[PDB]
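Peer 1: any chance you could fold what I've pasted below:
(5 chains)
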Amino acid sequence: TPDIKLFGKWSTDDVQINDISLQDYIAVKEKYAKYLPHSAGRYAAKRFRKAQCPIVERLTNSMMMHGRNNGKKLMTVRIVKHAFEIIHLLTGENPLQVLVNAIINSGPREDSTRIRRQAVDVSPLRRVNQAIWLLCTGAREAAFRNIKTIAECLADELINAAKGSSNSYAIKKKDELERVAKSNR
Amino acid sequence: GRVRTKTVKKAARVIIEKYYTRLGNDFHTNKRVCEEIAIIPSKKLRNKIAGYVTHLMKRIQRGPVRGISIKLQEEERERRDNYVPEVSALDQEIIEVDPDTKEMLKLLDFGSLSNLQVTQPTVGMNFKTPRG
Amino acid sequence: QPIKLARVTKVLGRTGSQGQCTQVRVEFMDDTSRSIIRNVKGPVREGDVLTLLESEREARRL
Amino acid sequence: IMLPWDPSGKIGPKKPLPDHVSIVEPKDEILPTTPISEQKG
RNA sequence: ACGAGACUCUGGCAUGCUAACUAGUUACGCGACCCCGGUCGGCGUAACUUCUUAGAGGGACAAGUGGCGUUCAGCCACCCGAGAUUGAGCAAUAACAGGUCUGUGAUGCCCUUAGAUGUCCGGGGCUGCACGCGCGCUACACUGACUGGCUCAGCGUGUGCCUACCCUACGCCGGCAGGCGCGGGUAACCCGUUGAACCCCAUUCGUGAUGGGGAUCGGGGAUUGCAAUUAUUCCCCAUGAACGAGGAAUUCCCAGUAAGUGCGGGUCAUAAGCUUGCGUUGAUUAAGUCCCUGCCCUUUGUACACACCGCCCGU
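Peer 2: Numbers count the residues shown, from 1 in each chain, chains lettered A, B, ... in the order given. Below is the structure:
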């Protein structure tokens, strides 16, 4: 429809990227706001084609890890769907906005590197990658040998990480790295 | 990387050497000229040398060559060294002779010559680059 | 204490041990005259923003 | 034995070397400045 | 002059080009049900090649634009597009006392030859088990297991001179593994429209060494074979072991790639935890450096030349 392309049954507009740095490397809006995460692909042909890929698709692809779950994109889009329906019942907010703030408040601003161990700044594209990767890994471990299902652990990760609630696997790994980077800055 | 081998270039150069006047700018028109003027048993090699024939053609209109010898560079070049000027810089009226080139011409038959102007001497015996 | 920003005006190659730190000429957003050179971890294209947690450190160039 | 070449293939191959480019020689072009009409019957 | 390249194969497209009862499609008569109309891989057929098969030609060149390049050689973008760096094969000079005399009726010499080291038959052995290593397969579960329901592949093979061992439809009987009639095919004709797995949809199971895991092990039934015990394989029921993501160390890998899940071929009387191919679902991270390990140039140093796994000093 020319009105608004609603993400299955979710919002496109009123999803602000409230950080003035990561506004380019967050695809949620206007030209990349689609009915599903699932795309043709072809974002891994060039260097900076991977940034324009929608984050629902980035978090979809990031969730299929550890051998047995490899190439199960139809399972992971369904995990995203369930964990998105859960957030609207538990929070009272558009899950895309809660996701946007979760990615932005998870990406580490500094890191350490062997030049000897010296602190450097972090690229905004690595901030988006590490934010997505740490959130999916926190959800992955949280639902291992547990009655709490993957969509329930994934939603609890993204609520705690949007809040900076400190119970997140992603926030605890982020606060560790920034402190350890500061140790030799 | 897309460097053409010597095989491509020394087939393209001699294609322009013989058939310069037939050629043009765009790749497609003179790919078809390369059909008859060159026996090529490879359509990738044909399009490679045709592509270079166009690139070598574009740079000919800017001026000089590697050594291709187009027949209208020769007209111009010959017109520059079949050159006849008017009364110029060996047919002078005043020659500025030196203080002691005067008295060396006085050693010869040309002592008091008609049309020389003895330059006043250059005081400050200073012609060497300073050391350092 | 402040947390400041800086936009990438020019890339200066790639340093580090394993070739991982991109050396970058960044421009501050308080003064658009004040430039420093910064080491960045992760993939950087020319004309994006970085978050500087200390705005004082200036890296060793080559 | 590297076989020698003929356009037929009586002595060896029929295709040349793929690297071989035989740029055939042109004739001596006669050109005027005076327009000639070549009408005959 | 060789090698690189050029080359050959393969992949991508072509509503344009050529042709098809051993490929189809569209329209049409007929047939079935259908609440004027839909579906039909139900029957038959006058056009056509969009799908299919394999032919011939085109098509793509850094060609157009913009920078940088003394600046030719070129490099990076962007448009246009089926592709703006597909994947293989082939592959020099000079070598290694690599491996093969168990591929050869290619093989010098040495040893045997009716006391066999020749040749076949009857049995055993390569599998033996206090241990130590390498390649693998299944897993440690809930992103899961079990039981139903739903919908799609692509590479190949086939009646063997020896040569039987093909591939298998359909219908009966058997819980099953299988058995029995009756066909089709030397194959774009039949298996076959190759109804493959995973995935998808619904059920139960509930963090428990549990319905995770299925080793070991007891009893019984057919098949192949002349013959199965040290169990050829396969079916059923019972038995229900370690293992809670694996120390030091360490391997492979940058796009339809890794990884998961199946299916062909070879081996094959019997037969895939192997190998070689094919499709399917389909990522993370990187566009870099010489820090490790190694490679190629140029200087440089050398007491090294079976060339650093070198040479060499003293008690």
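Peer 1: okay, which residue is most central for the chain?
Peer 2: By default, I'm working from chain A. residue A:132 (3.3 Å; C-alpha atoms, centre = their mean).
Peer 1: try chain C instead
Peer 2: Most central in chain C (C-alpha atoms, centre = their mean) works out to residue C:38, at 3.4 Å.
Peer 1: so it, which state does it fall into?
Peer 2: Following DSSP: H, G, I helix; E, B strand; the rest coil, residue C:38 is assigned to strand.
Peer 1: that one against residue C:27, yeah?
Peer 2: No. Using C-beta atoms under 8 Å as the test, residue C:38 is too far from residue C:27 to be in contact (10.6 Å). In short, each C-beta sits where N, CA and C put it, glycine included.
Peer 1: shared neighbours, these two?
Peer 2: residue C:6 (C-beta atoms under 8 Å, 6 or more residues apart in numbering or on different chains).
Peer 1: circling back: show me what the residue nearest to the centre of chain C bridges to in the sheet.
Peer 2: Judged by DSSP bridges, the bridge partners of residue C:38 are residue C:24.
Peer 1: so who does it touch?
Peer 2: Contacts for residue C:38 (C-beta under 8 Å, 6+ apart) come out as A:120-121, C:6, C:23-24, C:26, C:50, C:52, C:58-59.
Peer 1: so which of the residues you listed comes closest to chain D?
Peer 2: residue C:23 (45.9 Å; C-beta to the nearest C-beta).
Peer 1: and the closest one, how close does it get to residue D:28?
Peer 2: Using C-beta to C-beta, to the nearest Å, residue C:23 is found at 65 Å from residue D:28.
Peer 1: who has more neighbours out of the two?
Peer 2: More crowded of residue C:23 and residue D:28, by other C-beta atoms under 10 Å in any protein chain shown: residue C:23, with 20 against 4.
Peer 1: nearest residue to that one in space, please, no chain neighbours.
Peer 2: residue C:12 (4.2 Å; C-beta to C-beta, 6 or more residues apart in numbering or on different chains).
Peer 1: my guess is that neighbour contacts residue C:59. True?
Peer 2: No. Contact between residue C:12 and residue C:59 fails when scored by C-beta under 8 Å: they sit 9.7 Å apart.
Peer 1: does any part of the host helix or strand of residue B:8 sit near chain D?
Peer 2: According to DSSP states H and E, residue B:8 maps onto helix B:6-18. Yes. Using C-beta under 8 Å from any C-beta of the partner chain, we find that helix B:6-18 touches chain D at B:7, B:11, B:14-15, B:18.
Peer 1: tell me what angle the helix ranked longest in chain B forms with helix B:6-18.
Peer 2: Ranked by residue count, the top helix of chain B under DSSP state H comes out as helix B:43-60. Here the directions of helix B:43-60 and helix B:6-18 differ by 50 degrees (axes from the mean of the first three to the mean of the last three C-alpha atoms, to 10 degrees).
Peer 1: show me what contacts residue C:37?
Peer 2: C:12, C:23-26, C:58-59, C:61.
Peer 1: show me where the chain has its helices.
Peer 2: Let's take chain A. Assigned by DSSP H, the helices in chain A fall at A:55-62, A:73-90, A:95-104, A:124-142, A:150-163, A:169-182.
Peer 1: I was thinking of chain B, sorry if that wasn't clear
Peer 2: Going by DSSP H, chain B shows helices at B:6-18, B:27-31, B:33-37, B:43-60, B:73-81, B:102-105.
Peer 1: any chance of these in JSON lines, with mean neighbour count and distance to residue A:52 too?
Peer 2: Formatted as JSON lines, those follow (neighbours: other C-beta atoms under 10 Å in any protein chain shown; distance: least, C-beta to C-beta, whole Å):
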{"stretch": "helix B:6-18", "mean neighbour count": "17", "distance to residue A:52": "38"}
{"stretch": "helix B:27-31", "mean neighbour count": "15", "distance to residue A:52": "33"}
{"stretch": "helix B:33-37", "mean neighbour count": "16", "distance to residue A:52": "42"}
{"stretch": "helix B:43-60", "mean neighbour count": "17", "distance to residue A:52": "33"}
{"stretch": "helix B:73-81", "mean neighbour count": "10", "distance to residue A:52": "52"}
{"stretch": "helix B:102-105", "mean neighbour count": "14", "distance to residue A:52": "85"}
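Peer 1: among the ones you listed, which comes closest to residue A:112?
Peer 2: Evaluated over the helices of chain B, closeness to residue A:112 peaks at helix B:43-60, with 50.3 Å, by C-beta to C-beta.
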